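Read through the structure below, which is laid out as structure tokens, and then see the notes.
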Amino acid sequence: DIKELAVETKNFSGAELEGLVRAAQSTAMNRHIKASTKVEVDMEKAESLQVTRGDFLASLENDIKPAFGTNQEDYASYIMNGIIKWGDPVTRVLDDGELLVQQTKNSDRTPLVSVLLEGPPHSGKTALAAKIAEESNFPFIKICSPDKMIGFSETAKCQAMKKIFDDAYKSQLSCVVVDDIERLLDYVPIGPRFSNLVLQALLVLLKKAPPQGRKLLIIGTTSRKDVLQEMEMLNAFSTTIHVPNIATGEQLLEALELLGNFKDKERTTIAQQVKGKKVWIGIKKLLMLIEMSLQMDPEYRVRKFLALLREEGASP
Amino acid sequence: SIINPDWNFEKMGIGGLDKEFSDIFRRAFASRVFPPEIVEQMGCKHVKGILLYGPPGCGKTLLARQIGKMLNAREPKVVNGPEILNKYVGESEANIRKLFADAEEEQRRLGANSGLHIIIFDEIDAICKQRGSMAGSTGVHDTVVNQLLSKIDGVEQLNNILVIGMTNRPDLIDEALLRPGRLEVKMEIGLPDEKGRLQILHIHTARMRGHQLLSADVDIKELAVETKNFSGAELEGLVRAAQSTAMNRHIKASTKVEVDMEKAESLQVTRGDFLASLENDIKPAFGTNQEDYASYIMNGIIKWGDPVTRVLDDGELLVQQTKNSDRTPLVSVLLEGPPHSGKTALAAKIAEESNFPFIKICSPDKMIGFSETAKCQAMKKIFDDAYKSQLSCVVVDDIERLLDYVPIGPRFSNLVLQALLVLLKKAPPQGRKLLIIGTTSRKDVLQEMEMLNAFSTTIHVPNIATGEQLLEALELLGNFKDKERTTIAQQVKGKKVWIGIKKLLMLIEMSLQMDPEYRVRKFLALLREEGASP
Amino acid sequence: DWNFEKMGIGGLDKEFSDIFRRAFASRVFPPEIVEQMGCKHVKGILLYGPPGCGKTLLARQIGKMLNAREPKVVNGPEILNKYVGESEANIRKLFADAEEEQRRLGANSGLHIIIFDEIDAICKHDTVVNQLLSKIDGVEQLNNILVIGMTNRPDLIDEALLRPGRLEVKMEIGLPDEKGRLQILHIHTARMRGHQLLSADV
Amino acid sequence: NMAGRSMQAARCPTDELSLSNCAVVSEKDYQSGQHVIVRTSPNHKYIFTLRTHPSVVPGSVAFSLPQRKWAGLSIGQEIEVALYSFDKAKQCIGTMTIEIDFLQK
Ligand SMILES: Nc1ncnc2c1ncn2[C@@H]1O[C@H](COP(=O)(O)OP(=O)(O)OP(=O)(O)O)[C@@H](O)[C@H]1O
Ligand SMILES: Nc1ncnc2c1ncn2[C@@H]1O[C@H](COP(=O)(O)OP(=O)(O)OP(=O)(O)O)[C@@H](O)[C@H]1O
Ligand SMILES: Nc1ncnc2c1ncn2[C@@H]1O[C@H](COP(=O)(O)OP(=O)(O)O)[C@@H](O)[C@H]1O
Ligand SMILES: Nc1ncnc2c1ncn2[C@@H]1O[C@H](COP(=O)(O)OP(=O)(O)O)[C@@H](O)[C@H]1O
Ligand SMILES: [Mg+2]
Ligand SMILES: [Mg+2]
Ligand SMILES: [Mg+2]
């Protein structure tokens, strides 16, 4: 049904709706070839040739990747081990995200929206922005990260950022994620030292609106918020969200119960010690200390885990 | 899924590529086999471009030649990337015109019933590369791509052409040559696994098995097991060396060399030849180098106290987690302490005991005189080579010597610090693992740079801090006998010391050149000056 | 069982043997048996070390044992004279002297040793490197050729040339030790000692 | 003994017992010929054969310098000693290959 194929190929050029057909045709003709000495055509398999839906679906999933679409294999290195509900501060973030996602699409007097996710290190901010973006179903999604620009100069990062933004003014509704804002500026506390050529481009690209009738959403993540406030970068954003650490014993036990690592009789011993104090630990560091204590002998795992937790994760 | 044609690769001479061949054929040659009738009734055009990338020696050109021979065609042409740039306009254009001429002539003479004319490029990431954006100091301006692009597709386009490009740097290719209608299929050829190595070895020792030139004690499974991270072009070199070793035993040395003619009737290749060739001749390039464990662990490792065992135990737990965990493929650790306390030797020992098939060391000894723009490239290449293995290990020595840190001002390099901060939190592709170790002596400076939020943990390497530990170290080294040991202990044992192992060795060596009756006093005189009160 | 005293080389015992085993041990066997094995010959070697330590002497004394023709010496700086047509063509007029024997008698050719000094500025120019790489390696090439290179700086040497198929044997010829000096002095004062022209004091 | 007890490493008392390659223990604690396992950490266990000497103070085990260097033992350190039993039907040794060198240069 050609009607159904016109609703799945969003943001496809005209030169790729031709490659799709060619790939489907080539796939269909593979089922009727033979090779014993040198490849030769079977004379009984070239008659009942009928290109079928399955070939189109397979070609669409595997072989064709539009240049103005969602790369569904790049928010897979970011949301690695999933998302779990250890406490309340997760639902709040995931709900503000959907409120902003609906505002950016159903509103006429605000075609541009920005947001900033900030919190202490290791608290799980890069894996929350990716989830917030992945559940919007926008035709265009892109991620600008500093690990694809190793060794670049100041004038070679502005061009890359500007190209990423210019590709997004060609789509009817877009989404862009800017990760580790403090690593793009090349910030080091000694000095301080940074790039004033990238900062002034970023301060301008956050306020410029797309052409008439088009919409855009921007998400940024950082951990040193007290520095961006002296740069006057908190006036370029429309809102801020706080991503917190784990800060009570009950939250720690709930987080442990959902990962499913320690036994019922091994979770009472932990509860006895832990539930007499307050803790300060991030969800990315609580998975590194549950994998070092599982490499020990079965009779010394709890003691090692508690020692590791005490050595670092004390009160704020 | 897709029903594929049935091939056998033992008769073609390729081993381990049971999927790249299939998909390449389906997506680039499944429509040139059918009769032109149905091809016209479908109106399907032909793919006229392929790209292949991977490490050297893994069998890309072989595949292209075999595919070309499979579809009866002329001898494929060949070109080189940097060669075409050796001249300027008015000379390279003629070279370009000298490749497709025969294809044009045959198309004119025949039309729609011509023969395919394959063309094979090489190192195509030089002409098709405007990526001079890397490095603060680099510039590129080229226009050689556009003529090739025009020839491939557009006016006076040819229906009987096929271009295959090969490269080792997939991320330096311009995205103008990858659009739909010019170099559209892409493939990666990687290092083989154990089954692929077995297939390659069985393919390359098939002409001697026919003539009974292979001994009976030669077992190939053990050879496949013992050669880890070997390319396909080094197992061939192994076999060639094992053959050349056996033909030497049957030569008689005289005024002029000549064959034995009596022991040449039983020319056989034995297991000893293969073992000797593996120990002496072949040195893989993505394998562990065993010449770098004698320059770093020089005087062994003795147990002078309790702290010298906790470090080793912790290093074993981290090795067993980067190999058995699926939630943490990348881990890091930092070894720190006061100078002369023995940090490089312990890291080298941990790496050596890891047993991984790839182990590498990054040291400032190999970068004397370099600029930062070149140190970044060297470090990035060292890290890039580690993503082709399924288990790796990288050591980084003297982190404070890479940044060029001097306390006066202070000064350092901000182009290396950011790269090092970004490379410690980038994970390898697919399901591969990696382990990084790093040694430093100035932890406070590293703290002021926010560089301790990049590592996963830390280990403290301490100094000798008691008389008993010093006496134990002296006893284990075995230099001063009981008569002098009692004298030494009657004085040192009544206080606390502060001395590293390296400095202890230096002092013991210095205080042994005096006359036999002054050594014990010279040792204490030196110790008092160097360290006796913290 | 070599007799190194008669050859005229002393202090190089584990280098001569290794070079002969790895690069020359197949060229003294009949083609018939070599065909039954599938072995391919080696067409490159790299020797590096301090100047005047016995690298050309070894090369010329190993090519006479096989009963081959005289080695064809060539210099590095000389080749890069002006430009293409006087250097590239001059490059052609070296392998050319032996490009014929193969096109006349092919297999059963002799073995042409083509010494090539310096090899450290020619390959830092790019024209010569490309021509040499295509000549030794590629689709068209001769099987009766052996190229020997010598350098004094080992690191500057490129890496595109040190791969299997290309120059794949590396050897270091350093200064001699006590025994090497003893043997060299024994070799170089043998004629006089036979004529009783050497005093007993020595 | 069977469960395992904490002990203190000591120095070999006599040269003859040093050459015997048998850990020297007190009569009050063990008996001659008994084989034990010494634990220094979860992943560090070493099997030794015991011999009784009067001079050994109770609560400590004496090892020769080669034994300390092989097992990484330090005098005064704590270890865990547990009685060890061999399976003679399987663990009886028929042939050993030993690399021998001069002890002193
Ligand atoms: N509820 C959760 N919220 C966030 N991350 C979670 C959650 N449960 C598990 N994770 C995992 O915890 C890890 C934390 O995410 P991530 O590594 O992106 O943190 P981060 O704050 O960006 O870290 P860094 O400070 O190093 O940049 C990720 O693997 C994420 O998948
Ligand atoms: N635990 C140890 N026991 C005995 N010898 C050791 C130990 N650790 C190292 N050594 C030896 O002592 C020397 C240690 O020097 P090393 O190269 O480790 O110094 P370092 O700590 O890196 O010092 P630097 O401040 O100069 O960089 C080497 O000879 C090594 O063999
Ligand atoms: N998969 C393989 N199976 C068998 N032989 C191989 C394979 N890969 C490489 N070789 C051997 O390596 C030699 C040269 O490899 P080549 O294809 O030139 O490497 P590259 O792909 O870098 O050009 C060939 O002659 C071939 O015999
Ligand atoms: N091992 C050796 N045994 C005998 N003579 C030697 C030895 N090494 C060098 N010589 C002598 O010293 C000179 C070496 O010259 P040559 O080998 O051409 O130098 P280079 O190493 O620059 O090629 C010759 O005169 C040769 O006879
Ligand atoms: Mg992050
Ligand atoms: Mg060091
Ligand atoms: Mg010479």
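Using ideal geometry, Cβ is built from the backbone for each residue, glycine included, and neighbour counts are taken over all protein chains shown. Any read-out appearing in this document is the output of simple, stated calculations on the displayed coordinates, not a laboratory observation.
One residue stands out among those in region A:77-92 that are over 29 Å from residue A:215 (Cβ atoms) and either within 17 Å of the chain's Cα centre (by Cα) or of a type in the set (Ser, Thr, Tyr) (or both): the one that is surrounded by the fewest Cβ atoms within 10 Å (Cβ to Cβ), which is A:82.
Of the strands (runs of 3 or more DSSP E) lying entirely inside region B:106-202, not one contains at least 2 residues that are at positive phi and over 30 Å from the mean Cα position of the chain (by Cα). Restricting attention to region B:331-356, the residues that are crowded, with 17+ Cβ neighbours inside 10 Å and either within 14 Å of chain A (Cβ to nearest Cβ) or away from ligand 2 (no atom under 13 Å from the Cβ) (or both) add up to 7.
In the condition set (1) crowded, with 18+ Cβ neighbours inside 10 Å; (2) away from every other protein chain (no Cβ under 14 Å); (3) within 16 Å of ligand 6 (Cβ to nearest atom), residue B:459 is compliant with all but (2).
Restricting to region B:418-456, and then to whatever is of a type in the set (S, T, N, Q) and over 21 Å from residue B:361 (Cα atoms), can you tell me which residue is surrounded by the fewest Cβ atoms within 10 Å (Cβ to Cβ)? Among those residues, the one meeting the criterion is B:430. Against the numbered list (1) within 24 Å of residue B:171 (Cα to Cα); (2) within 16 Å of ligand 2 (Cβ to nearest atom), residue B:376 comes up short only at (2). Here are some conditions: (1) within 32 Å of the chain's Cα centre (by Cα); (2) part of a helix (DSSP H, G or I). Residue B:456 meets all but one. Which one does it not meet? Result: residue B:456 fails condition (2) only. Every condition in (1) more than 20 Å from residue A:77 (Cα to Cα); (2) of a type in the set (A, V, I, L, M, F, W, C); (3) more than 14 Å from chain A (Cβ to nearest Cβ) is met by residue B:386 except one, and the failing one is (1).
Any residue in region A:257-266 that is in a helix (DSSP H, G or I), closer than 22 Å to residue A:165 by Cβ and either away from chain B (no Cβ under 14 Å) or basic (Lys, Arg) (or both)? For region A:257-266, residues in a helix (DSSP H, G or I), closer than 22 Å to residue A:165 by Cβ and either away from chain B (no Cβ under 14 Å) or basic (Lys, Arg) (or both): absent. The residue of region A:26-39 that is farthest from residue B:71 (Cα to Cα), among those that are over 35 Å from the mean Cα position of the chain (by Cα) and facing chain B (nearest Cβ under 7 Å), is A:31. Could you list, ordered by first residue, the pairs with Cβ atoms under 6 Å in which the first is in region A:281-297 and under 19 Å from residue A:244 (Cβ atoms) and the second is among the β-branched types (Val, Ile, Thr) and away from ligand 6 (no atom under 16 Å from the Cβ), at least 6 apart or interchain? Final answer for the pair search is A:281/A:246. Under the condition of being within 9 Å of ligand 6 (Cβ to nearest atom) and either over 17 Å from residue B:444 (Cα atoms) or assigned to a helix (DSSP H, G or I) (or both), the residues counted in region B:320-339 number 0.
Residue A:127 falls short on exactly one of the conditions (1) within 16 Å of ligand 5 (Cβ to nearest atom); (2) among the hydrophobic types (A, V, I, L, M, F, W, C); (3) away from chain B (no Cβ under 14 Å), and that condition is (3). The strands (runs of 3 or more DSSP E) located wholly in region D:1-60 that include 3 or more residues which are under 30 Å from residue A:298 (Cβ atoms) and of a type outside the set (D, E, K, R) occupy D:5-11, D:35-41, D:44-52.
Count of region B:375-404 residues, restricted to those that are under 19 Å from residue B:135 (Cα atoms), over 19 Å from the mean Cα position of the chain (by Cα) and part of a helix (DSSP H, G or I), is 1. Would you call residue C:59 surrounded by 13 or more Cβ atoms within 10 Å (Cβ to Cβ), in contact with a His (Cβ under 6 Å, 6 or more places away or on another chain) and either more than 13 Å from chain B (Cβ to nearest Cβ) or not in a strand (DSSP E or B) (or both)? Here the answer is no, as residue C:59 does not meet what is asked.
Quick grid of which residues meet (1) closer than 26 Å to residue B:255 by Cα; (2) within 16 Å of ligand 2 (Cβ to nearest atom); (3) within 14 Å of chain B (Cβ to nearest Cβ); (4) surrounded by 12 or more Cβ atoms within 10 Å (Cβ to Cβ):
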position	(1), (2), (3), (4)
C:74	no, no, no, yes
C:94	no, no, no, yes
C:107	yes, no, no, no
C:112	yes, no, no, yes
C:140	no, no, yes, no
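Can you name the condition, by its number, that residue B:283 falls short on among (1) more than 16 Å from ligand 2 (Cβ to nearest atom); (2) surrounded by fewer than 15 Cβ atoms within 10 Å (Cβ to Cβ); (3) more than 14 Å from chain C (Cβ to nearest Cβ); (4) under 25 Å from residue B:391 (Cβ atoms)? Every listed condition holds for residue B:283 apart from (3).
Would it be correct to say that residue B:47 is within 11 Å of chain A (Cβ to nearest Cβ) and β-branched (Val, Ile, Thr)? So residue B:47 passes the test.
Among the residues here, residue C:52 qualifies as assigned to a loop (DSSP other than H, G, I, E, B) and more than 16 Å from ligand 5 (Cβ to nearest atom). Only a single criterion out of (1) farther than 27 Å from residue A:296 by Cβ; (2) within 14 Å of chain B (Cβ to nearest Cβ) is not satisfied by residue D:72, namely (1). Does residue B:322 satisfy being of a type in the set (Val, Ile, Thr) and within 14 Å of ligand 2 (Cβ to nearest atom)? The answer is no for residue B:322.
Looking at residue B:222, is it away from every other protein chain (no Cβ under 14 Å) and in a helix (DSSP H, G or I)? When the stated conditions are applied, residue B:222 passes them.
Restricting to region C:1-20, name every residue that is surrounded by 18 or more Cβ atoms within 10 Å (Cβ to Cβ) and facing another protein chain (nearest Cβ under 9 Å). Listed by number, the list holds a single entry, C:20. Residue pairs whose Cβ atoms lie under 8 Å apart, separated by 6 or more positions or on different chains, with the first residue in region B:318-346 and of a type in the set (A, V, I, L, M) and the second assigned to a strand (DSSP E or B) and within 16 Å of ligand 7 (Cβ to nearest atom), do not occur.
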